[PDB]
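One letter stands for each residue in the lines below.
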Amino acid sequence: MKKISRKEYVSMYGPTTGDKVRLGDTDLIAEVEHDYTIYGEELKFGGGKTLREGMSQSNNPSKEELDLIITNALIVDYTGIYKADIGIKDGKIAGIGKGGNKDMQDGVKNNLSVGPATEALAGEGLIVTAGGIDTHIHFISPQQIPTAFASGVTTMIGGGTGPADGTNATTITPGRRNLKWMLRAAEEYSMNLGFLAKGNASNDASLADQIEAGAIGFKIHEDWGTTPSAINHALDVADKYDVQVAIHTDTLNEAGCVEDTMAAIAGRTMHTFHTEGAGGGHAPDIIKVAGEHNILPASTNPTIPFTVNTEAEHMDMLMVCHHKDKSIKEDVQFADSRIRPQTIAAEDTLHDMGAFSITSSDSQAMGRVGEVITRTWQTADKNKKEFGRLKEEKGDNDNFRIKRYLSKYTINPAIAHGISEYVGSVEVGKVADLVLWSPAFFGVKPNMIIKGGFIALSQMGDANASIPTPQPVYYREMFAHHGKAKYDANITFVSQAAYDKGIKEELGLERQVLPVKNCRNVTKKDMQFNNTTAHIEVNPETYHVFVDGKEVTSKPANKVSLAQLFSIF
Amino acid sequence: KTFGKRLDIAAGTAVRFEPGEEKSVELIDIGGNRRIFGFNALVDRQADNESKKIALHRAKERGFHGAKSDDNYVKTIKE
Amino acid sequence: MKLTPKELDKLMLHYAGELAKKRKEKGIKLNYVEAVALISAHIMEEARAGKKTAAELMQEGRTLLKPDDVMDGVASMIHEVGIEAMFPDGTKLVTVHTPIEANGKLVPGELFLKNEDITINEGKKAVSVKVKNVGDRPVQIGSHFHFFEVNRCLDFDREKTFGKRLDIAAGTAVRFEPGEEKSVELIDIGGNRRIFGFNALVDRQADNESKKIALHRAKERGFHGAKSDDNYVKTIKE
Ligand code: NI
Ligand code: NI
């Protein structure tokens, strides 16, 4: 039973229990909480390594034999941060543990058995997380997909019909016909998809038909008229079809104030986009909503994190948009009643407090669909640098805080839209949407994206070279991205109603089609590591943010991590 | 006085009211079939003198400043 | 003699009692089965005779066997022996509670708890409330019932008990005799605090706003203590 040093061991199998990893160029340090392997029997693939005939690979596998094993991977998930092998079978994560050959190694569940049919993927030294899930997408341009994808995101939920003004303004795919166009268009891409319909209607019939047509939920938006009527009607139909509802608050307060909007919601579930305010919403106290029980608070990409440039930048976007002028006072007023630098800085901290729960993008409309993950971690980095470690933190690490942010763009968006059972976290039984991260580039540039149990996108070099490493090394489409394979690997979400009405066969959809469920019985208390409720006020005069009496605010930053260090642009 | 009316201004624009501010706005009657559905749910039907009664009564109970008063309402068979 | 299937059931039980007795006769420590059958067969005959009343047999059955007649363990086992027989007034249910006594050690499945007290509803700080039953009938509330909506008879500060329940062991309840007045403990409801059903006073997310609506509703519904209507401002849906 001879023994070996830790330095060595870690260069063969990666970090083990008690060891720590720095996440990218940030100050966030993660610690391996547990290890399922059995020192001496760990799996290794190679020339004279362990994964070979009769040895690690069984000649008498179990009738559950894996299709793919990710060896010695460090799993970072809201469920924990640990070391273990990941087994993949039939597009699903079949097992998380030891795995190898029971014929020659102790302790190996049959759901982790390695046979001649299983492929090998080395993960030692790498970190594996679930795919990201952006739920505030504007289907403005299909080019967004491969962008969000390259960034570690495997699931996009939103609305639209392309570069049409309605879409540029709102995340909505209106009517069953336009729902058809989009569902049929989706067949083409490598990214699970879901669409939201126009909740801006006080017509119950028109409201349900869009769901029966394929929508996973509704979206009430200002530009379409977010009134207490529309809000009320939408919600009711949403309750029937167990589907989710997103909302963009009435900035102009024309129908009423945030108090009214809430009364409208009548305590029912709601996904609030860019709850902060910059992305839009009740002026200037919309951000207060993110403290109520029935609310699913989500922040929009742009104002995150709070940098010395974010305030200046926004005023520009808000002006370049809306048609505002510097010489017109009513125009300067609206600008100042919406782009509150106060509520902006108060955000970064709200996330840190668990007050906010989801991180979106708001692509091609005050959002960057390629930086949701990157920015979620930048923010976490700042808040640590300014507020320090966390009280809940246990041990000399940031594990807890880590899970706090991860959940923000994985398990929390997944639940908010009833697709938590299939995706949203590295757990057995779920679709295998996994992304391998190389610790240094964590949170910015990932190694490879596996969609539905098969590799769909990865860093790739000179296709002519004698290896995949030589430059150029950009993100190249892999096999699960082509032919009929894409169909097996991707999922377009729909409501139970449509699914039941045969919406799949209906539209000749060759993609795996699942329905969303459990959207009406969830509250702020269903948001992993972000279940903090609170009575938050907002000064009408100073636009200052107060929570539970005290007041919260963050200090802007002159520099952020995961930025200029990794990209040439 | 403003039942079934809208701000007599160029389509698509609006009038701003700063907290405290006080102004006099112009407002013509709504065209088309004058079928008011949605908004605050104060009408949701044919905009006529009778629907009006119902609208004011509703706004009244809902707290909309200026919503006249309840000089003893005579509820209809549906509202 | 059109014998019902019920009759055959008893006829079999009887000879199970007969065996039971015949064995005791020979002087043999009866067991669980034997003791029960015996007690059962007995009561059965007595009802047939039409002498002993139902109420009497309940007890007389407790004298059919003494602690030295049975095997050790039998006592701790036969908690009670229910049985039905046909009295001159028809069949009646006779329950012979604890027929024999624990004259021994052995106690099947006995429990070995560990003296200590389980602390219920951890960290849910209770609150006391004055409650009085102004009605002429009894009123008993369960452990997980939205207190704010109990019988409109119980007078008290409804306003203070919104979204709360009797801070007591799950499954139990508090009784209020007509006229009685007491102070009850009540913690806040856990989970998502989604109150649906009961008296239909909430049926939504339990928050400060829903509260307004709840009181207004109870008010119009006559629930004593339901604060007052200091001019309500109806929302767009309620
Ligand atoms: Ni928006
Ligand atoms: Ni948007």
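Here every chain is numbered from 1 following its written sequence, which may not line up with the entry's numbers; residues without coordinates are dropped from view. Key to labels: chains lettered from A, ligands numbered from 1, both in the order written. Any value you read here covers just the chains shown, which are one part of a larger assembly. Excluding hydrogens and water, the side-chain values take into account all heavy atoms of the structure.

What the deposited record gives as its method is X-ray crystallography, and the resolution it gives is 3.00 Å.

For chain C, the name recorded in the PDB entry is UREASE SUBUNIT ALPHA, with Helicobacter pylori as its organism. The title field of the PDB entry reads "Crystal structure of Helicobacter pylori urease in complex with acetohydroxamic acid". A UniProt comment under Catalytic activity is attached to chain C, and it reads "urea + 2 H2O + H(+) = hydrogencarbonate + 2 NH4(+)". UniProt positions are given in the numbering used here, feature names are shortened, and annotations may be inferred rather than shown by experiment.

Per the PDB entry, chain A is named UREASE SUBUNIT BETA, and its organism is Helicobacter pylori. What UniProt states about chain A under its Subunit heading is, verbatim, "Heterohexamer of 3 UreA (alpha) and 3 UreB (beta) subunits. Four heterohexamers assemble to form a 16 nm dodecameric complex." In its Sequence similarities section, the UniProt record describing chain A reads: "Belongs to the metallo-dependent hydrolases superfamily. Urease alpha subunit family."

Caption draft 1: Summary view of the domain arrangement of chain A. Residue and element names in this part refer to chain A. Note that the domain bounds reflect an automated or database-derived domain assignment. Per the domain assignment, the segments making up chain A are domain 1 (2–130 + 425–482) and domain 2 (131–424 + 483–568). Its C-alpha centre places domain 1 at a distance of 32 Å from the equivalent point of domain 2. The contact rule is simple, with two residues in contact once any of their heavy atoms fall within 4.5 Å. The interface is formed by 42 residues belonging to domain 1 together with 48 residues belonging to domain 2. By buried area we mean the combined loss of accessible area, with a 1.4 Å probe, across both parts when two parts are placed together. Surface buried jointly by domain 1 and domain 2 totals about 3700 Å² across both partners, of which 60% is contributed by carbon and sulfur atoms. Just to be clear on terms, a salt bridge is a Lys or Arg side-chain nitrogen sitting within 4 Å of an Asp or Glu carboxyl oxygen. In this assembly, domain 1 and domain 2 are joined by two salt bridges. Whenever two N or O atoms come within 3.5 Å, that pair is a polar contact, provided that in protein one can donate a hydrogen and the other can accept it, and provided that, for residues adjacent in sequence, both atoms are side-chain atoms. Between the two partners, domain 1 and domain 2, sit 21 residue pairs in polar contact. Numbering of helices and strands runs from the N terminus, with a helix taken as a DSSP run of H or I at least four residues long and a strand as a DSSP run of E at least two residues long. Breaking the side of domain 1 that touches domain 2 down by element, the ones donating at least two residues are β2 (29–31), β4 (68–77), β5 (80–89), β8 (127–130), β17 (434–437), β18 (448–451) and β19 (454–460). Here the side of domain 1 that touches domain 2 takes three residues from β2, the largest share from any one element. Each residue belonging to the side of domain 1 that touches domain 2 can be placed in one class, and the counts come to 22 nonpolar, nine polar and eleven charged. Under the convention adopted here, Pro, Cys and the residues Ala, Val, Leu, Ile, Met, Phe, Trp and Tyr are nonpolar, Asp, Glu, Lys and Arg are charged, and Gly plus all remaining residues are polar.

Caption draft 2: Broad picture of the interface of chain A and chain C. Listed by partner, the interface residues are 17 residues for chain A and nine residues for chain C. Summing the contributions of chain A and of chain C, the shared interface buries around 1000 Å²; its carbon and sulfur component is 54%. The three residues of chain A that bury the most area against chain C are A:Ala263, A:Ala266 and A:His293, which together make up 34% of that side's buried surface. At the junction of chain A with chain C, the criterion picks out zero salt bridges. Counting every contact that joins chain A to chain C gives three residue pairs in polar contact. For the side of chain A that touches chain C, the secondary structure elements donating two or more residues are α6 (228–240) and α7 (258–265) of chain A.

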